[PDB]
Amino acid sequence: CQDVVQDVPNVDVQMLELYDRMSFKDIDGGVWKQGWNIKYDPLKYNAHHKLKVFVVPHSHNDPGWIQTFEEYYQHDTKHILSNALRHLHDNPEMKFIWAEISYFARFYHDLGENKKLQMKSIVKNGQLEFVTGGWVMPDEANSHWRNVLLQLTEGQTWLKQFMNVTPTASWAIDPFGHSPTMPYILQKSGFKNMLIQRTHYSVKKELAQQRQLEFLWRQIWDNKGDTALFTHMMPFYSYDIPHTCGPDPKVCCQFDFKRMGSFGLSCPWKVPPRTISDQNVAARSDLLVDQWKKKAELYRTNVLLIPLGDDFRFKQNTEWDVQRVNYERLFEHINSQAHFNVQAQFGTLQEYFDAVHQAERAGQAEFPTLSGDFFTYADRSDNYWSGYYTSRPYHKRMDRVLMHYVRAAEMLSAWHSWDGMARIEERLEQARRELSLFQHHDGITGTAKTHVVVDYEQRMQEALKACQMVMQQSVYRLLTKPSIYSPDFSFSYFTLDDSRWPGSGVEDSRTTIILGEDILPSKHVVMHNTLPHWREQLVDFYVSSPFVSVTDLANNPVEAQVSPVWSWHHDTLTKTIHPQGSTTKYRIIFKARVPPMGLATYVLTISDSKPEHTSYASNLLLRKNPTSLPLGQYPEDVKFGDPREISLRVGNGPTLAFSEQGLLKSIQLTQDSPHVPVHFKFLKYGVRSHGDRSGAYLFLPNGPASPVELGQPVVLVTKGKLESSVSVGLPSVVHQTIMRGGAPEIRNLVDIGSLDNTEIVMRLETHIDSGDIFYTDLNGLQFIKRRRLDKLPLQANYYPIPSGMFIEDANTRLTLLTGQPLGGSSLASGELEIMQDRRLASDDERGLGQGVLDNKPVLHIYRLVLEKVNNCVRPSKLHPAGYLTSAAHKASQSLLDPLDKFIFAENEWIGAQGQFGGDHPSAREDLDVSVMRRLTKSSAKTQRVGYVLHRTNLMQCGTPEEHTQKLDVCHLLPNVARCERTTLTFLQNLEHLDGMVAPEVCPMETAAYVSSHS
Ligand SMILES: [O-]S([O-])([O-])O[C@H](CO)[C@@H](O)C[S@+]1C[C@@H](O)[C@H](O)[C@H]1CO
Ligand SMILES: *[C@@H]1O[C@H](CO)[C@@H](O)[C@H](O)[C@H]1NC(C)=O
Ligand SMILES: [Zn+2]
């Protein structure tokens, strides 16, 4: 195993280092506005060294954006695919690449058999080629790597099954900025090449000047280079035709033949395309070839890529003709005029890459190595696309919830083979495809029109319901004596209970467990733990009585705590935001202990008075002018007081101090240690009154944030033996700090209401001497070092915070982990900040055609970990990566993959068992079974189960290792006949494993294994 901490990789281009050196001046470069006037030596190409030009027809089909997926499919895409089939069938030399499999699959299953056969033939013969082959072309900023893998697998599995092809070249022309998580996943999924487009205009200029637009992209910690993936970065401002034939859009636009009036399109540079004829072909070719030779100067080989397409292009038959015929005339002339020394033709993406590598092998070029990312993107001037790191935060949080429910449903149901009547495969396929669809770069990014956001939400809601059905049927089967098990596959044996989604104050959706001497004395509940190690976590349920006690299935008492159910209300009468306690329902909380990838059953039983092993929290409402707060049968009376500073300590954990406004002010790690200043503050950013306006994509603040005026907010303090909390109703945010004995959990119920042109940010102020350095993660996979650059505007220093961020000095680190992707930064030494929501009245001119005014209440969750790190073995100052500590990593897992909770729905569970998986191996803490998926239906003689294993890398800080058993996923199910290492999509076998044992992987490595069972 490579050391990913101590050896700084030696690469030709390291993006953080390149950013430190670059000046980012936005000067007018001439016709290539963001470059310079390219010059070339006409003698470079000659009879023995020609410029091979591949023109690659393409059509960017967004799976939802300004129309929903189905609206686009009906109005545009089915026509594009139908006409592509006819035109490619009829014109053997014409070519076309396709990226979005969600649309292709939708189309293909509607085709008659004769057309399916015609389609397979034009793919088989190479005329229609799939690029990437994922369900979508995903966002690369907010997406979790697990979901990027899920959607890639969904599209490629469909392609393998129906088209018998697996793309090894990737095409990503529209994500807003690019992440190294893509080559990471692609290289481990058989890919050999990838192409990207949206990178900062300054970076395009800088790499173009050095001919570094093609590079071997390796991970920031990879010293050896085995993660490297050849990457082609396009050089210009857009993938449209005016910005793909060469440096001058005024000339390239003349070669987009769809821009001649009857189609309703024109060239904004005011020179229209002209039909090619024998009388103008020589002059037209001379212009085009000159553009091509200029573009060729920015690359190292004599093979040139010229994409030919735009959004939803190649729809009308007349469009196919006008593009094809004119280009065929140009190729015939150019290829027959020896003085150009060019051979041009339609081609596919793989053909381009194959020719580039043939040139490379001929010793024609050597390519530079590069590590780093390409955030944050600016397409021009100071227009940085950091707004979409936060836009539509309700759905960004929903993405993480569904991410987890999909993994839990696929894992719980993988243990058994299911009768087709159970519709398990059917519900999982729907859940994987709806979550996969949302990975689209207009989905999770929050950049679609209002009604399209609604469509994604409805689809994800359907997926959540599908997951719940599969999970509850699975739990019933796994914990019921086999000879008693009698499933009704349409019946709900259990109801899932989720405490944080949609969340308190968002939707009253949780069921109350109703107990009573005259109706039902007890109720079974079951917890599932998808992580491969034993885990304890507090869980809560709503119950109709405070007099409830908990036992495990051996009938051992379990210590519990009951607290009231508090809800916050904006009182339009008193004009205050204050809490009301339920007089009919209460929260019972207890520690559940669950086996690795297993289940544990408990019983809640009512009694007529205080049970021996249940305590009751005290509650203190701090506000001037209090009124009574009765709580029905709750045994402890609420207390009142004027606002004041408070301090709390649960268990032996940290002691937290709060200001009289209910916000954290300090954290004391141990009884001895100092009270470390850690202050939470909420602020707001506005929009500029002159110039460019912030919108769904762009963040264009009218200067640094201003503090939210807090007034004298109502603060609620609940203090219990297992859990305490401080909650405060601030304008637009009910802010809560919850303590359970370790790092606190923070929850924000964010309701930006009608605050137009406002972005609400949550900031942490400390005295940590971080200077201009901070760390943020990429796709929940790795942490990358960021350096705040004052030479760039505020919005350029915002980065994606998909799951965590931290700052540190030689002795102290503060890490903030998130349960949803949001945008954030560290704008001053000692600070961390992350945006909660943004409501923008104006459109930001990137084609959406609207502002963001559809905000709704969302419950954001976090864990806040203050730690001493002076004893940790950290990367040197020159290393571009950062790594979490064990505590921070576990805190992240508590947010993203919490225990799942199930309430038995009927009165009695006959044949109930107390546990499942007690014999599963409890793996080392840095290892995860990211995916467990049965890959065969029940009729298959040989059953196959796929596993994706990921090992992160945690800092060595002096805590002795200890125990843990080796995890061999191939022996998790019995009767194993074979074990194979496969690509991450499970589509190709890479290794036949000895003894049928799946070895664990190295730090920062991810592998996939498939076990076969007789
Ligand atoms: O913006 S508009 O001019 O409509 O169209 C452009 C040129 O065809 C496209 O690049 C728009 S891209 C397509 C869409 O997924 C992105 O959210 C847009 C971000 O700008
Ligand atoms: C699928 O493609 C392979 C080569 O890529 C070919 O040999 C095979 O016949 C095709 N169909 C099958 C047998 O699955
Ligand atoms: Zn797009």
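Every residue, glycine as well, gets a Cβ built from its backbone with ideal geometry; the counts of neighbours run over all protein chains shown. Each reported figure results from applying straightforward, stated rules to the coordinates on display, with no laboratory input.
Legend: ranking of residues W568, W36 from fewest to most surrounding C-beta atoms inside 10 Å; resulting order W36, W568.
Would you kindly calculate the translational diffusion coefficient of the chain, applying Stokes-Einstein with the Kirkwood radius from alpha carbon pairs, for 4 °C and a viscosity of 1.567 mPa s, and quote it in µm² s⁻¹ without decimals? Could you put the intermediate results ahead of the total?
Numbers: Rh = 30.2 Å.
D, rounded to a whole number, is 43 µm²/s.
For the chain, relative contact order (Cα pairs under 8 Å, six or more residues apart, normalised by length) works out to 13 percent.
The order of the peptides 915-928, 127-140, 638-651 by mean Cβ neighbours within 10 Å, most packed first, is 127-140, 915-928, 638-651. At an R0 of 41 angstrom, the distance between the Cβ atoms of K44 and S490 translates into a FRET efficiency of 0.05. Just so you know, the Cα atoms of the range 123-163 work out to an Rg and Dmax of 11.7, 37 Å. Shape verdict for the range 272-398, please, from the Cα gyration tensor: rounded (a/c under 1.5), prolate (a/b greater than b/c) or oblate. Here the range 272-398 falls in the oblate category. Contact order for the range 920-1014, expressed relative to its length and based on alpha carbon pairs under 8 Å spaced 6+ residues apart, stands at 35 percent.
Looking only at the range 485-499, which residues have a backbone nitrogen under 11 Å from a spot 7 Å from the Cα of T511 in the C-beta direction? Those under the cut-off are 492-497. Using only Cα atoms, tell me the angle between helix 424-438 and the longest principal axis of the chain; keep it within 0 to 90° and round to the nearest 10. It is inclined by approximately 60 degrees.
Taking a ≥ b ≥ c as the square roots of the Cα gyration tensor eigenvalues, with a/c under 1.5 meaning rounded and otherwise prolate when a/b beats b/c, else oblate, which class fits the range 343-409? Cα axes put the range 343-409 in the prolate bin.
Each semi-axis of the equivalent ellipsoid for the range 192-296 is √(5λ) with λ an eigenvalue of the Cα gyration tensor; in descending order they amount to 35, 14, 12 Å.
Seen against the Cα atoms of the chain and their longest principal axis, helix 78-90 is set at about 30 degrees.
With labels modelled as points extended 7 Å from the Cα through the Cβ direction, what inter-label distance (nm, one decimal) is found for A283 paired with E425? Label-label distance for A283 and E425, simple model: 6.4 nm. Take the alpha-carbon centre of the range 463-537, take the same for the range 704-742, and report the distance between them in whole Å. Cα centroid to Cα centroid, the span is 30 Å.
Mind checking Rg over Rh on the range 777-818, alpha carbons, Kirkwood formula for Rh?
Working: Rg = 11.5 Å, Rh = 11.6 Å.
Result for the range 777-818 is an Rg/Rh of 0.99.
Tell me, what does the Kirkwood hydrodynamic radius of the range 382-492 come to in angstroms if you use every pair of distinct C-alpha atoms?
On the way: mean 1/r = 0.0651 Å⁻¹.
Taking every pair of different Cα atoms in the range 382-492, averaging 1/r and inverting gives 15.4 Å.
Residues with beta-carbon under 11 Å from that of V1010, excluding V1010: net charge, scoring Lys, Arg +1 and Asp, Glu -1? Result for the local shell: +3. The HN-Hα couplings worked out from phi for the range 926-931 by the Karplus form 6.51 cos²θ - 1.76 cosθ + 1.60 (θ = phi - 60°) are 7, 9, 9, 9, 4, 9 Hz, whole numbers, x standing for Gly and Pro.
Provide the gained length on full extension for the span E906 to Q6, in nm with one decimal, where the gain is 0.36 nm per separating residue minus the Cα-Cα distance. Show your work: numbers first, answer last.
Numbers: separation 900, 0.36 × 900 = 324.00 nm, distance 5.68 nm.
Length gained between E906 and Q6: 318.3 nm.
Using just its DSSP H runs of length 4 or more, each adding -39500 (n - 2.57), the chain gives a mean residue ellipticity at 222 nm of -6500 deg cm²/dmol after division by all residues. With the convex hull of its Cα atoms as the shape, the range 1-93 has an orientation-averaged projected area of 15.0 nm².
Tell me the net charge near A448. Cut-off is 11 Å between Cβ atoms, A448 excluded, with +1 for each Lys or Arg and -1 for each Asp or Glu. The answer is -3.
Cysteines in the chain that lack a partner Cβ within the 4.7 Å cut-off: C467. When its C-alpha radius of gyration is set against 2.2 N^0.38 Å (N residues), the range 43-85 gives a value of 2.02. May I ask for the angle, rounded to the nearest 10°, between helix 349-361 and the longest principal axis of the chain, with both axes built from Cα atoms and the value confined to 0 to 90°? Helix 349-361 sits at roughly 70 degrees to that axis. The separation of the range 207-243 from the range 982-1006, counted between C-alpha centres, amounts to 28 Å.
Of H48, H451, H860, the sequence from fewest to most neighbouring Cβ atoms within 10 angstrom is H48, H451, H860.
Multiplying the residue separation of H675 and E462 by 0.36 nm and removing their Cα-Cα distance gives an extension gain of 72.0 nm. For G134, the amide hydrogen comes within under 5 Å of the amide hydrogens of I101, counting only partners 5 or more places away or on other chains and with H modelled in the peptide plane.
Let a ≥ b ≥ c be the square roots of the eigenvalues of the Cα gyration tensor of the range 538-593; is it rounded (a/c under 1.5), or, if not, prolate (a/b larger than b/c) or oblate? Prolate, because a/c is 1.5 or more and a/b exceeds b/c.
With 10 angstrom as the radius, rank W385, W292 by how many other C-beta atoms surround their C-beta, starting from the fewest.
Details: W385 27, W292 22.
Ranking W385, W292 by Cβ neighbours within 10 Å, fewest first, gives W292, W385.
Give me the one-decimal nm value for the distance between modelled label points at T450 and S381, 7 Å along each residue's Cα-to-Cβ direction. The modelled label-to-label distance comes out at 2.8 nm.
Placing a pseudo-label 7 Å from each Cα along the Cα-to-Cβ vector at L710 and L878 gives an inter-label distance of 4.5 nm.
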